[PDB]
Amino acid sequence: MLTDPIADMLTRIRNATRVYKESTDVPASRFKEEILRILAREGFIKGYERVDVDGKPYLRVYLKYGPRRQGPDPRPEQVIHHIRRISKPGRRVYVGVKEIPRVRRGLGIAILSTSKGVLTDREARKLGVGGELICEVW
Amino acid sequence: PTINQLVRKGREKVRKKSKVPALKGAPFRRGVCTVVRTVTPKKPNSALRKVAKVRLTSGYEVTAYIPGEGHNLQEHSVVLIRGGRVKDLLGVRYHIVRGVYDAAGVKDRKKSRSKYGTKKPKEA
RNA sequence: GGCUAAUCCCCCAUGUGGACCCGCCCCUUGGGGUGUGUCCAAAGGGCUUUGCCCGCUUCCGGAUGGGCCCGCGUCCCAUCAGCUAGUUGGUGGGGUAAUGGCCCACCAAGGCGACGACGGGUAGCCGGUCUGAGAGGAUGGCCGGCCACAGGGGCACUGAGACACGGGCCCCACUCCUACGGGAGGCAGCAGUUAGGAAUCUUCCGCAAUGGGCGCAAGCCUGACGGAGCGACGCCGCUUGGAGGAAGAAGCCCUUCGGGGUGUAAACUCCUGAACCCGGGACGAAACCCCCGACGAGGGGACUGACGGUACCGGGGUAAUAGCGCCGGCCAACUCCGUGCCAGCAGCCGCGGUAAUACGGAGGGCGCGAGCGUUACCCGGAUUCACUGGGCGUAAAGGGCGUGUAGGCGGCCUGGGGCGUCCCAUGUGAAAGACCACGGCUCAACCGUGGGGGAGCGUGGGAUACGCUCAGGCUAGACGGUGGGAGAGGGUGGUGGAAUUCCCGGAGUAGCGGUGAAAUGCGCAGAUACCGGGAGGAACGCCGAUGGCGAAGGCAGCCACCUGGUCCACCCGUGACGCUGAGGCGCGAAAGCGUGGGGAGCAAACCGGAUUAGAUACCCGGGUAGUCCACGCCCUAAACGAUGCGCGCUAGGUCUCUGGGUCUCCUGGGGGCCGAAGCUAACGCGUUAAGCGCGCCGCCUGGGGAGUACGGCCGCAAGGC
RNA sequence: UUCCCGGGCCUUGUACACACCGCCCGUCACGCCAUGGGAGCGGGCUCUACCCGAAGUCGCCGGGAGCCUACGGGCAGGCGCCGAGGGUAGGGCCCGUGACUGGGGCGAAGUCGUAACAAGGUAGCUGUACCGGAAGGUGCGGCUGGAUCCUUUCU
Ligand SMILES: [Mg+2]
Ligand SMILES: [Mg+2]
Ligand SMILES: [Mg+2]
Ligand SMILES: [Mg+2]
Ligand SMILES: [Mg+2]
Ligand SMILES: [Mg+2]
Ligand SMILES: [Mg+2]
Ligand SMILES: [Mg+2]
Ligand SMILES: [Mg+2]
Ligand SMILES: [Mg+2]
Ligand SMILES: [Mg+2]
Ligand SMILES: [Mg+2]
Ligand SMILES: [Mg+2]
Ligand SMILES: [Mg+2]
Ligand SMILES: [Mg+2]
Ligand SMILES: [Mg+2]
Ligand SMILES: [Mg+2]
Ligand SMILES: [Mg+2]
Ligand SMILES: [Mg+2]
Ligand SMILES: [Mg+2]
Ligand SMILES: [Mg+2]
Ligand SMILES: [Mg+2]
Ligand SMILES: [Mg+2]
Ligand SMILES: [Mg+2]
Ligand SMILES: [Mg+2]
Ligand SMILES: [Mg+2]
Ligand SMILES: [Mg+2]
Ligand SMILES: [Mg+2]
Ligand SMILES: [Mg+2]
Ligand SMILES: [Mg+2]
Ligand SMILES: [Mg+2]
Ligand SMILES: [Mg+2]
Ligand SMILES: [Mg+2]
Ligand SMILES: [Mg+2]
Ligand SMILES: [Mg+2]
Ligand SMILES: [Mg+2]
Ligand SMILES: [Mg+2]
Ligand SMILES: [Mg+2]
Ligand SMILES: [Mg+2]
Ligand SMILES: [Mg+2]
Ligand SMILES: [Mg+2]
Ligand SMILES: [Mg+2]
Ligand SMILES: [Mg+2]
Ligand SMILES: [Mg+2]
Ligand SMILES: [Mg+2]
Ligand SMILES: [Mg+2]
Ligand SMILES: [Mg+2]
Ligand SMILES: [Mg+2]
Ligand SMILES: [Mg+2]
Ligand SMILES: [Mg+2]
Ligand SMILES: [Mg+2]
Ligand SMILES: [Mg+2]
Ligand SMILES: [Mg+2]
Ligand SMILES: [Mg+2]
Ligand SMILES: [Mg+2]
Ligand SMILES: [Mg+2]
Ligand SMILES: [Mg+2]
Ligand SMILES: [Mg+2]
Ligand SMILES: [Mg+2]
Ligand SMILES: [Mg+2]
Ligand SMILES: [Mg+2]
Ligand SMILES: [Mg+2]
Ligand SMILES: [Mg+2]
Ligand SMILES: [Mg+2]
Ligand SMILES: [Mg+2]
Ligand SMILES: [Mg+2]
Ligand SMILES: [Mg+2]
Ligand SMILES: [Mg+2]
Ligand SMILES: [Mg+2]
Ligand SMILES: [Mg+2]
Ligand SMILES: [Mg+2]
Ligand SMILES: [Mg+2]
Ligand SMILES: [Mg+2]
Ligand SMILES: [Mg+2]
Ligand SMILES: [Mg+2]
Ligand SMILES: [Mg+2]
Ligand SMILES: [Mg+2]
Ligand SMILES: [Mg+2]
Ligand SMILES: [Mg+2]
Ligand SMILES: [Mg+2]
Ligand SMILES: [Mg+2]
Ligand SMILES: [Mg+2]
Ligand SMILES: [Mg+2]
Ligand SMILES: [Mg+2]
Ligand SMILES: [Mg+2]
Ligand SMILES: [Mg+2]
Ligand SMILES: [Mg+2]
Ligand SMILES: [Mg+2]
Ligand SMILES: [Mg+2]
Ligand SMILES: [Mg+2]
Ligand SMILES: [Mg+2]
Ligand SMILES: [Mg+2]
Ligand SMILES: [Mg+2]
Ligand SMILES: [Mg+2]
Ligand SMILES: [Mg+2]
Ligand SMILES: [Mg+2]
Ligand SMILES: [Mg+2]
Ligand SMILES: [Mg+2]
Ligand SMILES: [Mg+2]
Ligand SMILES: [Mg+2]
Ligand SMILES: [Mg+2]
Ligand SMILES: [Mg+2]
Ligand SMILES: [Mg+2]
Ligand SMILES: [Mg+2]
Ligand SMILES: [Mg+2]
Ligand SMILES: [Mg+2]
Ligand SMILES: [Mg+2]
Ligand SMILES: [Mg+2]
Ligand SMILES: [Mg+2]
Ligand SMILES: [Mg+2]
Ligand SMILES: [Mg+2]
Ligand SMILES: [Mg+2]
Ligand SMILES: [Mg+2]
Ligand SMILES: [Mg+2]
Ligand SMILES: [Mg+2]
Ligand SMILES: [Mg+2]
Ligand SMILES: [Mg+2]
Ligand SMILES: [Mg+2]
Ligand SMILES: [Mg+2]
Ligand SMILES: [Mg+2]
Ligand SMILES: [Mg+2]
Ligand SMILES: [Mg+2]
Ligand SMILES: [Mg+2]
Ligand SMILES: [Mg+2]
Ligand SMILES: [Mg+2]
Ligand SMILES: [Mg+2]
Ligand SMILES: [Mg+2]
Ligand SMILES: [Mg+2]
Ligand SMILES: [Mg+2]
Ligand SMILES: [Mg+2]
Ligand SMILES: [Mg+2]
Ligand SMILES: [Mg+2]
Ligand SMILES: [Mg+2]
Ligand SMILES: [Mg+2]
Ligand SMILES: [Mg+2]
Ligand SMILES: [Mg+2]
Ligand SMILES: [Mg+2]
Ligand SMILES: [Mg+2]
Ligand SMILES: [Mg+2]
Ligand SMILES: [Mg+2]
Ligand SMILES: [Mg+2]
Ligand SMILES: [Mg+2]
Ligand SMILES: [Mg+2]
Ligand SMILES: [Mg+2]
Ligand SMILES: [Mg+2]
Ligand SMILES: [Mg+2]
Ligand SMILES: [Mg+2]
Ligand SMILES: [Mg+2]
Ligand SMILES: [Mg+2]
Ligand SMILES: [Mg+2]
Ligand SMILES: [Mg+2]
Ligand SMILES: [Mg+2]
Ligand SMILES: [Mg+2]
Ligand SMILES: [Mg+2]
Ligand SMILES: [Mg+2]
Ligand SMILES: [Mg+2]
Ligand SMILES: [Mg+2]
Ligand SMILES: [Mg+2]
Ligand SMILES: [Mg+2]
Ligand SMILES: [Mg+2]
Ligand SMILES: [Mg+2]
Ligand SMILES: [Mg+2]
Ligand SMILES: [Mg+2]
Ligand SMILES: [Mg+2]
Ligand SMILES: [Mg+2]
Ligand SMILES: [Mg+2]
Ligand SMILES: [Mg+2]
Ligand SMILES: [Mg+2]
Ligand SMILES: [Mg+2]
Ligand SMILES: [Mg+2]
Ligand SMILES: [Mg+2]
Ligand SMILES: [Mg+2]
Ligand SMILES: [Mg+2]
Ligand SMILES: [Mg+2]
Ligand SMILES: [Mg+2]
Ligand SMILES: [Mg+2]
Ligand SMILES: [Mg+2]
Ligand SMILES: [Mg+2]
Ligand SMILES: [Mg+2]
Ligand SMILES: [Mg+2]
Ligand SMILES: [Mg+2]
Ligand SMILES: [Mg+2]
Ligand SMILES: [Mg+2]
Ligand SMILES: [Mg+2]
Ligand SMILES: [Mg+2]
Ligand SMILES: [Mg+2]
Ligand SMILES: [Mg+2]
Ligand SMILES: [Mg+2]
Ligand SMILES: [Mg+2]
Ligand SMILES: [Mg+2]
Ligand SMILES: [Mg+2]
Ligand SMILES: [Mg+2]
Ligand SMILES: [Mg+2]
Ligand SMILES: [Mg+2]
Ligand SMILES: [Mg+2]
Ligand SMILES: [Mg+2]
Ligand SMILES: [Mg+2]
Ligand SMILES: [Mg+2]
Ligand SMILES: [Mg+2]
Ligand SMILES: [Mg+2]
Ligand SMILES: [Mg+2]
């Protein structure tokens, strides 16, 4: 099957961006949609789209990079420098409000899934909820 | 390993053996020379090394090394064992503490004297 | 044997009340209420003596202290895998303050265990302590809490309470008394002795304080306790001096013989004034008691200090102990003699075999200082058990392969619930400790007061994104229908030619074979070389491949049956049916085993011929098991891609096997080579990953000892795990 | 230009690097040393069956078998269950001891060969089997972690 939907999302993005692709289809979910909404508003993807490929629902994820590097290796600086899953099917991670990490000196974020819904560490913290810690981004 | 492996079996704390049974956990143990003599060292080194097989309050009969420049020990001297070993000859897990029980201290030693157990000398 | 008193023991009454059987009321496990019968009380003593005090009695509460019971937590070994007869439950009963097989009688046949039962080993738990960035690890001396013990084992009695450390009984061991009959003990209370050990204190003062027993009070008892003593055992404070003082003394070390060093260090000069002497001298102690009031509230009065003539205060006063480890690199600190693989050092690299910063002494230096070294033990480093935070192609490490059991994991949409999860309130989280703040000892250590934090569990309330679960629905995963494939995939019957050997026959003449050379061997009983026939066994040239199938092992002539897997088309059906898999079970090259067959070539062992110093070998001649079949065992391997399975994502190019295709080419599924990104220690890998990710299983943790010993299991054995 | 000697350049294999006069494996003997394996012997704990069984609580008798008595009953005392513990016979643990005894170290590389590493001079390795003074040979499979396309040891 696909054992983590989400991981595989994050990954698609990762190998996508590493190879500098202008964007990518990922197979569609209300949740995976939340996550990219957050991921987007928060600066990391150009934005995304709800597409249909071969009669099946996909989300296109458009993809942003920084400008052209000089010298040898002109490959431009990544925006999504790193993205990684935290909670994993059969090993879960749930955090108090006092336990919500904070990321790369605040230069990145966490994504939490709460009963206030999906939100960033900062958002949770001001909201005052905890939840499953989905992912590290920075 | 997976997680479900760590829950299933899970990691193994591993313990360490002792480099010595002075037993007791004792810091030192009293003994009696059974025999005393001189041995040849190991690998690159030549020497005549000074040592005494000693019988113990801990019940075992061991080989200990008599440190420093002269010594006084013979058939049944009685002596104290501290342990710490000698790499260059083998079977010696322990040193004799000089200056205790029937073992003298090394006399004339000016230089490092707590080890070797010699009293501080006076002058004018 | 005999008198005798009481707050000792009885009997009768009173019954506020309580107890018990039966009935009903409310309530919900044996909680209350009530009626009927029954059963149950008591003790005096003192005075300021007719009313007060200390007591007794029955009931109902409080308070404090406990019993008992449940959830959860709570070390190593699976080389401990099964355990259980009061065992597990039931009815009745014994018993107890109370539940309960706690025990007992009779019924039932259960209880427990890989979520580790039973067995073995070890150990008192905890608040806390040590270490660590943390997570963890390690620990449970002192102080508080809880448990257990009181020479070893049983037992009960009295009692509110014990199955009682200075109470009782019996057995045992030991010691002591003994008229040998029989008796007496129990320091794991404080001191102290002895033994053991590397090692652990005074047979001290006091009952002033605090605390406990009894007492109306006075008081009495208190090795609890307050104090003192001894040990650098620790921690903290303090001292062995402060300012001057040479271009820089002697001695001593080094020397390129000019000078360098110890070193402002000394000497000396001038202040101060540890020790010590004199004087004065605590707080810790104010109640119990007594007086007025009312034995209350309140007020007044009296006594009492082990520590101690100590703390502290004032006066006087002397220049007044320094040591230990290090100086090759880790590591701060160098030179001269001595020594010559010796004597010695050594934590590890390693030093010493005549120029040793590494041994030993010297001068000098570095580090700490009433201490400094050492050995021992814990945590650290050690991300070297890796939750944070490792790995497995060659470094240690992927099981030989497969099937699935337990178990772990789980696509897309909607609704219910709200277990996980998140939040809020609240209760608990004793004190001590840690943290912060002020404060008390001249500081500090040590001590007080306050504040803060807290995981965790109980309770109430709330949220529903993710996990679960229940209900519905969908089709991208999985499977199924239809259609089209290819293939040494497997089992059984079958047949076909080539060659080897042997038998038969023909012709046919002296050698063939073999090697580096040769001998052995076979040949005139006519071999080799040739033709014809026959028998028999095994294996399948060419096609054939840098091909194909299969899970691995492995599988090649041809035909027939039996039968597994698999790929592509069509988008037809089901509707998440999915992945993985401990254990289990089944396969499993060769050699090997058992019983029966078979036996042409080949061939361990063997038997000979060579070679060689020898030749238990490589070369030659021969040959047995075995190789082949059948049934049954065996279960290993460089069982190799030395690379577990599944799923998804990430340039290409070229070669190839097999499908479909509007057929330069496109589109699936295999096999190969080069290579983008990226990974790797490198070599290499690279859409057939060793890249980026998720699930699940196996496995590793220096080399040797050793795949040995031991135990268990398997096997006929060899031997396997 | 094949060979002998020395040499240059490219390449290849190495387990050599005081570098092929390098490296290395196995067997023996007598000392001597710790270790480990181990019958029998002595000790300890435990479990099962059987028998003897103190103290004590509980049961039951408590009798023209004793003492008190309101004759209701009590007490002495007696018998039984259980029971610390012992005894006899068996399993299992653990300790001490121990004849006999496998591998390791040094005595001294001492010996006999030359097994492996270079095509190690017959490629090596492997499971298994038989042989053999010893490394070993050899047979059958299998792997490549295999050079390049007479025999002749040891420093
Ligand atoms: Mg929480
Ligand atoms: Mg890990
Ligand atoms: Mg040397
Ligand atoms: Mg003597
Ligand atoms: Mg040491
Ligand atoms: Mg001394
Ligand atoms: Mg030294
Ligand atoms: Mg009388
Ligand atoms: Mg009444
Ligand atoms: Mg009544
Ligand atoms: Mg009455
Ligand atoms: Mg009374
Ligand atoms: Mg009250
Ligand atoms: Mg109460
Ligand atoms: Mg209570
Ligand atoms: Mg209670
Ligand atoms: Mg019964
Ligand atoms: Mg029984
Ligand atoms: Mg009952
Ligand atoms: Mg049963
Ligand atoms: Mg413990
Ligand atoms: Mg214990
Ligand atoms: Mg700390
Ligand atoms: Mg750690
Ligand atoms: Mg901790
Ligand atoms: Mg503990
Ligand atoms: Mg103690
Ligand atoms: Mg305590
Ligand atoms: Mg308690
Ligand atoms: Mg006891
Ligand atoms: Mg007790
Ligand atoms: Mg005693
Ligand atoms: Mg007892
Ligand atoms: Mg009483
Ligand atoms: Mg009682
Ligand atoms: Mg008692
Ligand atoms: Mg006592
Ligand atoms: Mg007695
Ligand atoms: Mg004592
Ligand atoms: Mg002694
Ligand atoms: Mg004391
Ligand atoms: Mg006294
Ligand atoms: Mg008092
Ligand atoms: Mg008092
Ligand atoms: Mg009183
Ligand atoms: Mg009075
Ligand atoms: Mg007394
Ligand atoms: Mg005291
Ligand atoms: Mg002392
Ligand atoms: Mg001392
Ligand atoms: Mg001490
Ligand atoms: Mg001078
Ligand atoms: Mg001078
Ligand atoms: Mg001065
Ligand atoms: Mg002056
Ligand atoms: Mg003065
Ligand atoms: Mg006076
Ligand atoms: Mg006072
Ligand atoms: Mg006062
Ligand atoms: Mg009093
Ligand atoms: Mg008083
Ligand atoms: Mg009055
Ligand atoms: Mg009065
Ligand atoms: Mg008063
Ligand atoms: Mg007063
Ligand atoms: Mg006095
Ligand atoms: Mg005085
Ligand atoms: Mg003064
Ligand atoms: Mg003065
Ligand atoms: Mg002076
Ligand atoms: Mg002076
Ligand atoms: Mg240091
Ligand atoms: Mg240095
Ligand atoms: Mg000498
Ligand atoms: Mg000289
Ligand atoms: Mg020399
Ligand atoms: Mg010299
Ligand atoms: Mg030299
Ligand atoms: Mg030196
Ligand atoms: Mg040194
Ligand atoms: Mg020196
Ligand atoms: Mg010095
Ligand atoms: Mg100090
Ligand atoms: Mg110290
Ligand atoms: Mg350590
Ligand atoms: Mg660390
Ligand atoms: Mg590692
Ligand atoms: Mg792996
Ligand atoms: Mg290797
Ligand atoms: Mg390996
Ligand atoms: Mg494999
Ligand atoms: Mg293997
Ligand atoms: Mg498997
Ligand atoms: Mg499977
Ligand atoms: Mg399942
Ligand atoms: Mg889901
Ligand atoms: Mg819902
Ligand atoms: Mg919930
Ligand atoms: Mg609701
Ligand atoms: Mg509490
Ligand atoms: Mg606290
Ligand atoms: Mg804190
Ligand atoms: Mg202060
Ligand atoms: Mg404090
Ligand atoms: Mg607090
Ligand atoms: Mg709090
Ligand atoms: Mg805390
Ligand atoms: Mg806490
Ligand atoms: Mg709470
Ligand atoms: Mg809702
Ligand atoms: Mg599930
Ligand atoms: Mg459904
Ligand atoms: Mg159709
Ligand atoms: Mg078909
Ligand atoms: Mg067709
Ligand atoms: Mg077919
Ligand atoms: Mg076939
Ligand atoms: Mg076929
Ligand atoms: Mg076939
Ligand atoms: Mg024939
Ligand atoms: Mg013929
Ligand atoms: Mg003829
Ligand atoms: Mg001839
Ligand atoms: Mg022949
Ligand atoms: Mg022949
Ligand atoms: Mg002939
Ligand atoms: Mg002949
Ligand atoms: Mg003739
Ligand atoms: Mg013939
Ligand atoms: Mg003949
Ligand atoms: Mg003829
Ligand atoms: Mg012929
Ligand atoms: Mg023919
Ligand atoms: Mg035949
Ligand atoms: Mg034929
Ligand atoms: Mg192939
Ligand atoms: Mg194969
Ligand atoms: Mg078929
Ligand atoms: Mg098919
Ligand atoms: Mg359809
Ligand atoms: Mg359909
Ligand atoms: Mg449908
Ligand atoms: Mg399996
Ligand atoms: Mg097989
Ligand atoms: Mg075979
Ligand atoms: Mg056979
Ligand atoms: Mg046969
Ligand atoms: Mg032959
Ligand atoms: Mg031969
Ligand atoms: Mg030769
Ligand atoms: Mg010969
Ligand atoms: Mg042959
Ligand atoms: Mg046979
Ligand atoms: Mg055989
Ligand atoms: Mg597997
Ligand atoms: Mg076609
Ligand atoms: Mg392909
Ligand atoms: Mg690259
Ligand atoms: Mg990686
Ligand atoms: Mg490549
Ligand atoms: Mg992959
Ligand atoms: Mg790798
Ligand atoms: Mg390791
Ligand atoms: Mg080892
Ligand atoms: Mg083996
Ligand atoms: Mg064993
Ligand atoms: Mg065995
Ligand atoms: Mg057997
Ligand atoms: Mg074998
Ligand atoms: Mg196996
Ligand atoms: Mg195996
Ligand atoms: Mg040449
Ligand atoms: Mg040239
Ligand atoms: Mg090389
Ligand atoms: Mg040679
Ligand atoms: Mg030796
Ligand atoms: Mg032994
Ligand atoms: Mg032995
Ligand atoms: Mg015995
Ligand atoms: Mg009996
Ligand atoms: Mg009578
Ligand atoms: Mg009677
Ligand atoms: Mg009875
Ligand atoms: Mg009995
Ligand atoms: Mg018994
Ligand atoms: Mg033993
Ligand atoms: Mg030997
Ligand atoms: Mg060795
Ligand atoms: Mg040797
Ligand atoms: Mg060979
Ligand atoms: Mg070999
Ligand atoms: Mg060789
Ligand atoms: Mg060879
Ligand atoms: Mg050959
Ligand atoms: Mg072989
Ligand atoms: Mg042979
Ligand atoms: Mg072969
Ligand atoms: Mg090879
Ligand atoms: Mg080849
Ligand atoms: Mg050649
Ligand atoms: Mg030799």
# chains A, B, ... in the order shown; residues from 1 in each chain; ligands from 1
$ interface_residues --of "chain A" --to "chain C" --cutoff "9 Å" --atoms "only C-alpha atoms (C1' of nucleotides)" --output "PyMOL selection string"
chain A and resi 1-5+7-16+18-19+27-29+31+56+88-90+92+94-97+112-118+128-132+134
$ residues_around --residues "region 103-111 of chain A" --least-positions-apart "4" --cutoff "10 Å" --atoms "only C-alpha atoms (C1' of nucleotides)" --output "list in words"
residues 35, 38, 39, 42, 80, 81, 82, 83, 85, 86, 118, 119, 120, 121, 122, 123, 124, 131, 132, 133, 134, 135, 136, 137 and 138 of chain A
$ residues_near_ligand --ligand "ligand 136" --cutoff "10 Å" --atoms "only C-alpha atoms (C1' of nucleotides) and all ligand atoms" --output "list in words"
residues 545, 546, 547, 548, 671 and 672 of chain C
$ residues_near_ligand --ligand "ligand 10" --cutoff "12 Å" --atoms "only C-alpha atoms (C1' of nucleotides) and all ligand atoms" --output "list in words"
residues 15, 17, 18, 19, 20, 34, 35, 36, 37, 38 and 39 of chain C
$ write_last_selection --atoms "C-alpha atoms (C1' of nucleotides)" --output "PDB file, in the first residue's frame"
ATOM      1  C1'   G C  15     -32.161   0.458  80.391  1.00  0.00           C
ATOM      2  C1'   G C  17     -29.066   3.335  75.307  1.00  0.00           C
ATOM      3  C1'   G C  18     -26.643  -0.980  72.691  1.00  0.00           C
ATOM      4  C1'   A C  19     -26.619  -6.348  71.131  1.00  0.00           C
ATOM      5  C1'   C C  20     -29.164 -10.524  68.585  1.00  0.00           C
ATOM      6  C1'   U C  34     -38.654   0.749  63.415  1.00  0.00           C
ATOM      7  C1'   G C  35     -41.822  -2.783  66.079  1.00  0.00           C
ATOM      8  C1'   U C  36     -42.029  -7.815  68.763  1.00  0.00           C
ATOM      9  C1'   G C  37     -39.785 -10.924  72.021  1.00  0.00           C
ATOM     10  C1'   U C  38     -34.795 -12.008  74.403  1.00  0.00           C
ATOM     11  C1'   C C  39     -29.934 -10.664  76.278  1.00  0.00           C
TER      12        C C  39
END
$ residues_around --residues "residue 90 (chain B)" --least-positions-apart "2" --cutoff "12 Å" --atoms "only C-alpha atoms (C1' of nucleotides)" --output "ChimeraX atom specification"
/B:39-43,49,51,62-65,85-88,92-94 /D:33-34,105-106
$ residues_near_ligand --ligand "ligand 123" --cutoff "10 Å" --atoms "only C-alpha atoms (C1' of nucleotides) and all ligand atoms" --output "PDB file with N, CA and C atoms (P, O5', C5', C4', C3', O3' and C1' of nucleotides), in the first residue's frame"
ATOM      1  P     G C 511      56.533 -54.123 -34.612  1.00  0.00           P
ATOM      2  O5'   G C 511      55.585 -52.895 -34.958  1.00  0.00           O
ATOM      3  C5'   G C 511      55.063 -52.118 -33.899  1.00  0.00           C
ATOM      4  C4'   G C 511      53.628 -52.447 -33.582  1.00  0.00           C
ATOM      5  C3'   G C 511      52.907 -51.402 -32.758  1.00  0.00           C
ATOM      6  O3'   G C 511      52.489 -50.266 -33.468  1.00  0.00           O
ATOM      7  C1'   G C 511      52.433 -53.544 -31.899  1.00  0.00           C
ATOM      8  P     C C 512      52.517 -48.909 -32.635  1.00  0.00           P
ATOM      9  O5'   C C 512      51.275 -49.030 -31.690  1.00  0.00           O
ATOM     10  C5'   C C 512      50.026 -48.588 -32.131  1.00  0.00           C
ATOM     11  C4'   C C 512      48.996 -49.136 -31.217  1.00  0.00           C
ATOM     12  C3'   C C 512      48.711 -48.234 -30.046  1.00  0.00           C
ATOM     13  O3'   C C 512      47.772 -47.245 -30.357  1.00  0.00           O
ATOM     14  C1'   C C 512      49.142 -50.414 -29.262  1.00  0.00           C
ATOM     15  P     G C 523      46.534 -59.360 -23.012  1.00  0.00           P
ATOM     16  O5'   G C 523      47.207 -58.984 -24.420  1.00  0.00           O
ATOM     17  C5'   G C 523      46.381 -58.772 -25.553  1.00  0.00           C
ATOM     18  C4'   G C 523      47.126 -58.650 -26.856  1.00  0.00           C
ATOM     19  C3'   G C 523      47.988 -59.807 -27.245  1.00  0.00           C
ATOM     20  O3'   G C 523      47.220 -60.895 -27.660  1.00  0.00           O
ATOM     21  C1'   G C 523      49.127 -57.832 -27.711  1.00  0.00           C
TER      22        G C 523
END
$ residues_near_ligand --ligand "ligand 130" --cutoff "10 Å" --atoms "only C-alpha atoms (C1' of nucleotides) and all ligand atoms" --output "JSON, numbers by chain"
{"C": [522, 523, 524, 525]}
$ select_by_dssp --residues "region 5-123 of chain B" --states "strand (DSSP E)" --output "PyMOL selection string"
chain B and resi 29-39+49-56+61-65+78-81+92-97
$ residues_around --residues "residue 71 (chain C)" --least-positions-apart "2" --cutoff "12 Å" --atoms "only C-alpha atoms (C1' of nucleotides)" --output "ChimeraX atom specification"
/C:69,73,457-458
$ write_last_selection --atoms "N, CA, C and O atoms (P, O5', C5', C4', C3', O3' and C1' of nucleotides)" --output "PDB file, in the first residue's frame"
ATOM      1  P     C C  69      -5.200  -8.296  51.763  1.00  0.00           P
ATOM      2  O5'   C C  69      -6.242  -7.504  50.871  1.00  0.00           O
ATOM      3  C5'   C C  69      -7.420  -8.189  50.469  1.00  0.00           C
ATOM      4  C4'   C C  69      -8.231  -7.350  49.543  1.00  0.00           C
ATOM      5  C3'   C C  69      -7.497  -6.926  48.311  1.00  0.00           C
ATOM      6  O3'   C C  69      -7.405  -7.931  47.345  1.00  0.00           O
ATOM      7  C1'   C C  69      -8.540  -5.081  49.270  1.00  0.00           C
ATOM      8  P     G C  73       2.193  -1.704  34.768  1.00  0.00           P
ATOM      9  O5'   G C  73       3.374  -1.214  35.697  1.00  0.00           O
ATOM     10  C5'   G C  73       4.042  -0.030  35.317  1.00  0.00           C
ATOM     11  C4'   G C  73       4.922   0.563  36.383  1.00  0.00           C
ATOM     12  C3'   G C  73       6.060  -0.291  36.853  1.00  0.00           C
ATOM     13  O3'   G C  73       7.140  -0.268  35.950  1.00  0.00           O
ATOM     14  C1'   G C  73       4.998   0.733  38.708  1.00  0.00           C
ATOM     15  P     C C 457      -0.252   9.190  34.585  1.00  0.00           P
ATOM     16  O5'   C C 457      -1.495   9.069  35.585  1.00  0.00           O
ATOM     17  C5'   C C 457      -1.775   7.819  36.179  1.00  0.00           C
ATOM     18  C4'   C C 457      -2.156   7.894  37.633  1.00  0.00           C
ATOM     19  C3'   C C 457      -3.540   8.397  37.935  1.00  0.00           C
ATOM     20  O3'   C C 457      -4.544   7.449  37.647  1.00  0.00           O
ATOM     21  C1'   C C 457      -2.045   9.420  39.399  1.00  0.00           C
ATOM     22  P     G C 458      -5.932   7.988  37.073  1.00  0.00           P
ATOM     23  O5'   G C 458      -6.634   8.641  38.325  1.00  0.00           O
ATOM     24  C5'   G C 458      -6.999   7.826  39.418  1.00  0.00           C
ATOM     25  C4'   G C 458      -7.837   8.587  40.393  1.00  0.00           C
ATOM     26  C3'   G C 458      -9.071   9.282  39.833  1.00  0.00           C
ATOM     27  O3'   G C 458     -10.197   8.452  39.586  1.00  0.00           O
ATOM     28  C1'   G C 458      -7.891  10.785  41.206  1.00  0.00           C
TER      29        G C 458
END
$ decode --residues "region 15-26 of chain D" --atoms "C-alpha atoms (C1' of nucleotides)" --output "PDB file, in the first residue's frame"
ATOM      1  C1'   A D  15      49.026 -11.605   3.171  1.00  0.00           C
ATOM      2  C1'   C D  16      55.884  -8.500   1.129  1.00  0.00           C
ATOM      3  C1'   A D  17      57.341  -2.786   3.149  1.00  0.00           C
ATOM      4  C1'   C D  18      65.223  -4.008   6.985  1.00  0.00           C
ATOM      5  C1'   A D  19      60.486  -5.066   1.069  1.00  0.00           C
ATOM      6  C1'   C D  20      61.239 -12.936  -2.110  1.00  0.00           C
ATOM      7  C1'   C D  21      67.755 -13.679   1.313  1.00  0.00           C
ATOM      8  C1'   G D  22      60.496 -11.076   2.335  1.00  0.00           C
ATOM      9  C1'   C D  23      56.206 -13.682   4.437  1.00  0.00           C
ATOM     10  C1'   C D  24      54.267 -18.016   6.413  1.00  0.00           C
ATOM     11  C1'   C D  25      51.464 -23.337   8.282  1.00  0.00           C
ATOM     12  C1'   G D  26      51.141 -27.993  10.926  1.00  0.00           C
TER      13        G D  26
END
